[PDB]
$ cat final.pdb   # PDB, C-alpha atoms
ATOM      1  CA  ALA A   1      61.029   3.920  55.839
ATOM      2  CA  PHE A   2      61.636   1.195  58.319
ATOM      3  CA  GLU A   3      63.133  -1.808  56.667
ATOM      4  CA  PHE A   4      63.547  -5.380  58.072
ATOM      5  CA  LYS A   5      67.305  -5.970  57.908
ATOM      6  CA  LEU A   6      70.193  -3.527  57.493
ATOM      7  CA  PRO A   7      73.209  -3.605  55.189
ATOM      8  CA  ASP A   8      74.148  -6.928  56.818
ATOM      9  CA  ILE A   9      73.951  -9.939  54.409
ATOM     10  CA  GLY A  10      77.106 -10.990  56.283
ATOM     11  CA  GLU A  11      78.003 -13.523  58.938
ATOM     12  CA  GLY A  12      75.722 -15.114  61.504
ATOM     13  CA  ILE A  13      72.174 -14.673  60.275
ATOM     14  CA  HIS A  14      71.861 -13.139  56.773
ATOM     15  CA  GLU A  15      68.283 -14.500  56.537
ATOM     16  CA  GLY A  16      64.861 -14.510  58.187
ATOM     17  CA  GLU A  17      63.057 -17.809  58.795
ATOM     18  CA  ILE A  18      59.653 -16.177  59.245
ATOM     19  CA  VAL A  19      57.574 -18.922  60.725
ATOM     20  CA  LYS A  20      54.674 -16.701  61.747
ATOM     21  CA  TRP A  21      53.372 -13.157  61.434
ATOM     22  CA  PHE A  22      50.951 -11.226  63.629
ATOM     23  CA  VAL A  23      49.838  -8.340  61.455
ATOM     24  CA  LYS A  24      48.477  -8.244  57.939
ATOM     25  CA  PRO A  25      49.733  -5.665  55.361
ATOM     26  CA  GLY A  26      47.839  -2.358  55.206
ATOM     27  CA  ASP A  27      46.964  -1.835  58.824
ATOM     28  CA  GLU A  28      47.616   0.863  61.351
ATOM     29  CA  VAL A  29      50.102  -0.523  63.920
ATOM     30  CA  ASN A  30      50.650   0.676  67.462
ATOM     31  CA  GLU A  31      53.679   1.213  69.648
ATOM     32  CA  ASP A  32      53.276  -2.190  71.323
ATOM     33  CA  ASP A  33      52.491  -4.744  68.592
ATOM     34  CA  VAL A  34      54.457  -7.636  67.142
ATOM     35  CA  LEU A  35      55.770  -8.167  63.773
ATOM     36  CA  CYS A  36      56.919 -11.682  62.965
ATOM     37  CA  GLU A  37      58.047 -14.736  64.862
ATOM     38  CA  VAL A  38      61.361 -15.793  63.226
ATOM     39  CA  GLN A  39      63.568 -18.781  64.027
ATOM     40  CA  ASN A  40      67.350 -18.907  63.961
ATOM     41  CA  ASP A  41      70.190 -21.036  65.370
ATOM     42  CA  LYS A  42      68.614 -21.558  68.815
ATOM     43  CA  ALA A  43      66.133 -18.736  69.097
ATOM     44  CA  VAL A  44      62.582 -18.377  67.884
ATOM     45  CA  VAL A  45      61.914 -14.663  68.576
ATOM     46  CA  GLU A  46      60.431 -11.286  67.597
ATOM     47  CA  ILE A  47      60.834  -7.780  66.288
ATOM     48  CA  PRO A  48      58.426  -5.601  68.553
ATOM     49  CA  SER A  49      57.630  -2.060  67.479
ATOM     50  CA  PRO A  50      60.245   0.602  67.959
ATOM     51  CA  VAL A  51      57.565   2.637  66.242
ATOM     52  CA  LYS A  52      54.032   2.660  65.118
ATOM     53  CA  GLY A  53      52.904   3.899  61.678
ATOM     54  CA  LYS A  54      51.364   1.903  58.769
ATOM     55  CA  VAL A  55      52.356  -1.544  57.730
ATOM     56  CA  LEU A  56      52.451  -0.471  54.105
ATOM     57  CA  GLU A  57      53.375  -3.779  52.479
ATOM     58  CA  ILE A  58      54.698  -7.196  53.366
ATOM     59  CA  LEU A  59      56.121  -8.860  50.232
ATOM     60  CA  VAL A  60      57.063 -12.224  51.668
ATOM     61  CA  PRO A  61      54.845 -12.878  54.731
ATOM     62  CA  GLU A  62      55.753 -16.092  56.568
ATOM     63  CA  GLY A  63      56.315 -19.631  55.534
ATOM     64  CA  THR A  64      59.125 -18.593  53.222
ATOM     65  CA  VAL A  65      62.592 -17.421  54.309
ATOM     66  CA  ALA A  66      63.882 -13.911  53.514
ATOM     67  CA  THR A  67      67.450 -12.702  53.285
ATOM     68  CA  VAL A  68      68.918  -9.301  54.036
ATOM     69  CA  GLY A  69      69.540  -7.082  51.002
ATOM     70  CA  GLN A  70      65.970  -8.048  50.196
ATOM     71  CA  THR A  71      63.273  -6.315  52.156
ATOM     72  CA  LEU A  72      60.367  -8.078  53.821
ATOM     73  CA  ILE A  73      57.991  -5.530  55.223
ATOM     74  CA  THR A  74      58.456  -1.834  55.624
ATOM     75  CA  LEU A  75      57.076   0.736  58.005
ATOM     76  CA  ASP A  76      56.377   4.442  57.530
ATOM     77  CA  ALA A  77      57.306   6.561  60.499
ATOM     78  CA  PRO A  78      57.120  10.187  59.138
ATOM     79  CA  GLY A  79      59.461  11.813  61.719
ATOM     80  CA  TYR A  80      61.986   9.177  62.751
TER      81      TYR A  80
END
$ encode --input "final.pdb" --output "structure tokens"
Amino acid sequence: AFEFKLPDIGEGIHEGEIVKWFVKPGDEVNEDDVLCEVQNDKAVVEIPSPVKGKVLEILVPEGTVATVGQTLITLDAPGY
């Protein structure tokens, strides 16, 4: 599907301080939307779309922190 982190859980940033989100789970996303607004060491940034598809589920939205290993949200992109 499209996960949130890779096999990383290593050095640098093994988490996700999801401060804010832009979408809600269950929608149809485009090929120009946002995802979350996450903070780290010095940056407060984004994940834009590489692809559009559904936004199946979001397990941990914002407010809480997520790791890697764990998923967050997933994307369906039937052909990528």
$ resolve_selection --input "final.pdb" --expression "the PyMOL selection byres ((chain A and resi 3) around 12)" --output "list in words"
residues 1, 2, 4, 5, 6, 7, 47, 50, 51, 55, 56, 57, 58, 59, 68, 69, 70, 71, 72, 73, 74, 75, 76 and 77 of chain A
$ residues_around --input "final.pdb" --residues "residue 15 of chain A" --least-positions-apart "4" --cutoff "7 Å" --atoms "only C-alpha atoms" --output "PyMOL selection string"
chain A and resi 65-68
$ resolve_selection --input "final.pdb" --expression "the PyMOL selection byres ((chain A and resi 30) around 9)" --output "number ranges by chain"
A: 28-29, 31-33, 49, 51-54
$ write_last_selection --input "final.pdb" --atoms "C-alpha atoms" --output "tab-separated table (two decimals), in the coordinates of the input"
chain	number	residue	atom	x	y	z
A	28	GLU	CA	47.62	0.86	61.35
A	29	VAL	CA	50.10	-0.52	63.92
A	31	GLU	CA	53.68	1.21	69.65
A	32	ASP	CA	53.28	-2.19	71.32
A	33	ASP	CA	52.49	-4.74	68.59
A	49	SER	CA	57.63	-2.06	67.48
A	51	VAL	CA	57.56	2.64	66.24
A	52	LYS	CA	54.03	2.66	65.12
A	53	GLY	CA	52.90	3.90	61.68
A	54	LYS	CA	51.36	1.90	58.77
$ residues_around --input "final.pdb" --residues "residue 17 of chain A" --least-positions-apart "4" --cutoff "8 Å" --atoms "all atoms listed in the file" --output "mmCIF file with C-alpha atoms, in the coordinates of the input"
data_model
loop_
_atom_site.group_PDB
_atom_site.id
_atom_site.type_symbol
_atom_site.label_atom_id
_atom_site.label_comp_id
_atom_site.auth_asym_id
_atom_site.auth_seq_id
_atom_site.Cartn_x
_atom_site.Cartn_y
_atom_site.Cartn_z
ATOM 1 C CA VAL A 38 61.361 -15.793 63.226
ATOM 2 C CA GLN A 39 63.568 -18.781 64.027
ATOM 3 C CA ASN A 40 67.350 -18.907 63.961
ATOM 4 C CA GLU A 62 55.753 -16.092 56.568
ATOM 5 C CA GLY A 63 56.315 -19.631 55.534
ATOM 6 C CA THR A 64 59.125 -18.593 53.222
ATOM 7 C CA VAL A 65 62.592 -17.421 54.309
ATOM 8 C CA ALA A 66 63.882 -13.911 53.514
#
$ residues_near_point --input "final.pdb" --point "(57.4, -10.0, 62.7)" --cutoff "9 Å" --atoms "all atoms listed in the file" --output "NGL selection string"
:A and (4 or 18 or 20-23 or 34-38 or 45-48 or 61-62 or 73)
$ decode --input "final.pdb" --residues "chain A" --atoms "C-alpha atoms" --output "PDB file, in the first residue's frame"
ATOM      1  CA  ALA A   1       0.000   0.000   0.000  1.00  0.00           C
ATOM      2  CA  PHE A   2       1.727   3.214   0.793  1.00  0.00           C
ATOM      3  CA  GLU A   3       2.989   3.222   4.314  1.00  0.00           C
ATOM      4  CA  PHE A   4       4.299   6.194   6.402  1.00  0.00           C
ATOM      5  CA  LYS A   5       7.845   5.147   7.310  1.00  0.00           C
ATOM      6  CA  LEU A   6      10.098   2.452   5.846  1.00  0.00           C
ATOM      7  CA  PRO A   7      12.191  -0.230   7.532  1.00  0.00           C
ATOM      8  CA  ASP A   8      14.032   2.587   9.335  1.00  0.00           C
ATOM      9  CA  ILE A   9      13.464   2.608  13.154  1.00  0.00           C
ATOM     10  CA  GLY A  10      17.163   3.545  13.184  1.00  0.00           C
ATOM     11  CA  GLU A  11      19.195   6.680  13.745  1.00  0.00           C
ATOM     12  CA  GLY A  12      18.094  10.275  13.315  1.00  0.00           C
ATOM     13  CA  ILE A  13      14.314  10.302  13.363  1.00  0.00           C
ATOM     14  CA  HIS A  14      12.688   6.920  14.155  1.00  0.00           C
ATOM     15  CA  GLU A  15       9.437   8.737  15.067  1.00  0.00           C
ATOM     16  CA  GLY A  16       6.764  11.122  13.800  1.00  0.00           C
ATOM     17  CA  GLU A  17       5.702  14.090  15.936  1.00  0.00           C
ATOM     18  CA  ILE A  18       2.442  14.627  14.053  1.00  0.00           C
ATOM     19  CA  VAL A  19       1.332  18.015  15.207  1.00  0.00           C
ATOM     20  CA  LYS A  20      -1.347  18.466  12.559  1.00  0.00           C
ATOM     21  CA  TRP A  21      -3.132  16.620   9.774  1.00  0.00           C
ATOM     22  CA  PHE A  22      -4.945  17.948   6.715  1.00  0.00           C
ATOM     23  CA  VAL A  23      -7.068  15.038   5.567  1.00  0.00           C
ATOM     24  CA  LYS A  24      -9.493  12.830   7.430  1.00  0.00           C
ATOM     25  CA  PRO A  25      -9.487   9.000   6.980  1.00  0.00           C
ATOM     26  CA  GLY A  26     -11.745   7.608   4.239  1.00  0.00           C
ATOM     27  CA  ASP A  27     -11.464  10.287   1.617  1.00  0.00           C
ATOM     28  CA  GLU A  28     -10.390  10.382  -1.978  1.00  0.00           C
ATOM     29  CA  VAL A  29      -7.048  12.254  -2.147  1.00  0.00           C
ATOM     30  CA  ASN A  30      -5.547  14.006  -5.140  1.00  0.00           C
ATOM     31  CA  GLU A  31      -2.072  14.297  -6.583  1.00  0.00           C
ATOM     32  CA  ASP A  32      -1.463  17.647  -4.863  1.00  0.00           C
ATOM     33  CA  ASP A  33      -2.746  17.362  -1.275  1.00  0.00           C
ATOM     34  CA  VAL A  34      -0.993  17.297   2.079  1.00  0.00           C
ATOM     35  CA  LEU A  35      -0.783  14.660   4.601  1.00  0.00           C
ATOM     36  CA  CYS A  36       0.494  15.708   8.007  1.00  0.00           C
ATOM     37  CA  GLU A  37       2.564  18.505   9.454  1.00  0.00           C
ATOM     38  CA  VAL A  38       5.280  16.786  11.562  1.00  0.00           C
ATOM     39  CA  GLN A  39       7.999  18.366  13.695  1.00  0.00           C
ATOM     40  CA  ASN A  40      11.538  17.116  14.175  1.00  0.00           C
ATOM     41  CA  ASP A  41      14.934  18.437  15.317  1.00  0.00           C
ATOM     42  CA  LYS A  42      14.639  21.829  13.574  1.00  0.00           C
ATOM     43  CA  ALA A  43      12.035  21.241  10.914  1.00  0.00           C
ATOM     44  CA  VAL A  44       8.268  21.329  11.018  1.00  0.00           C
ATOM     45  CA  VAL A  45       7.379  19.917   7.563  1.00  0.00           C
ATOM     46  CA  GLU A  46       5.231  17.735   5.287  1.00  0.00           C
ATOM     47  CA  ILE A  47       4.726  14.598   3.269  1.00  0.00           C
ATOM     48  CA  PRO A  48       2.915  15.829  -0.029  1.00  0.00           C
ATOM     49  CA  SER A  49       1.359  13.251  -2.321  1.00  0.00           C
ATOM     50  CA  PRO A  50       3.616  11.185  -4.510  1.00  0.00           C
ATOM     51  CA  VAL A  51       0.283   9.635  -5.382  1.00  0.00           C
ATOM     52  CA  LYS A  52      -3.395   9.977  -5.058  1.00  0.00           C
ATOM     53  CA  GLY A  53      -5.726   7.085  -4.138  1.00  0.00           C
ATOM     54  CA  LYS A  54      -7.847   6.600  -0.963  1.00  0.00           C
ATOM     55  CA  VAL A  55      -6.802   7.489   2.510  1.00  0.00           C
ATOM     56  CA  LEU A  56      -8.025   4.144   3.782  1.00  0.00           C
ATOM     57  CA  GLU A  57      -7.251   4.541   7.480  1.00  0.00           C
ATOM     58  CA  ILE A  58      -5.277   6.732   9.829  1.00  0.00           C
ATOM     59  CA  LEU A  59      -4.739   4.888  13.134  1.00  0.00           C
ATOM     60  CA  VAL A  60      -2.951   7.585  15.084  1.00  0.00           C
ATOM     61  CA  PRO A  61      -3.954  10.985  13.614  1.00  0.00           C
ATOM     62  CA  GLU A  62      -2.089  13.903  15.205  1.00  0.00           C
ATOM     63  CA  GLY A  63      -1.432  14.996  18.710  1.00  0.00           C
ATOM     64  CA  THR A  64       0.317  11.731  19.484  1.00  0.00           C
ATOM     65  CA  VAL A  65       3.765  10.691  18.214  1.00  0.00           C
ATOM     66  CA  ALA A  66       4.257   7.635  15.971  1.00  0.00           C
ATOM     67  CA  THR A  67       7.369   5.563  15.453  1.00  0.00           C
ATOM     68  CA  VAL A  68       8.543   3.657  12.408  1.00  0.00           C
ATOM     69  CA  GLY A  69       7.854  -0.090  12.457  1.00  0.00           C
ATOM     70  CA  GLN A  70       4.374   1.073  13.387  1.00  0.00           C
ATOM     71  CA  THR A  71       2.253   2.434  10.600  1.00  0.00           C
ATOM     72  CA  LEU A  72       0.298   5.670  10.781  1.00  0.00           C
ATOM     73  CA  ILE A  73      -1.809   6.037   7.694  1.00  0.00           C
ATOM     74  CA  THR A  74      -1.728   4.038   4.526  1.00  0.00           C
ATOM     75  CA  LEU A  75      -2.588   4.783   0.937  1.00  0.00           C
ATOM     76  CA  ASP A  76      -3.882   2.522  -1.830  1.00  0.00           C
ATOM     77  CA  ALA A  77      -2.330   3.186  -5.193  1.00  0.00           C
ATOM     78  CA  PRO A  78      -3.419   0.138  -7.330  1.00  0.00           C
ATOM     79  CA  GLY A  79      -0.604   0.326  -9.942  1.00  0.00           C
ATOM     80  CA  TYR A  80       2.442   1.767  -8.199  1.00  0.00           C
TER      81      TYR A  80
END
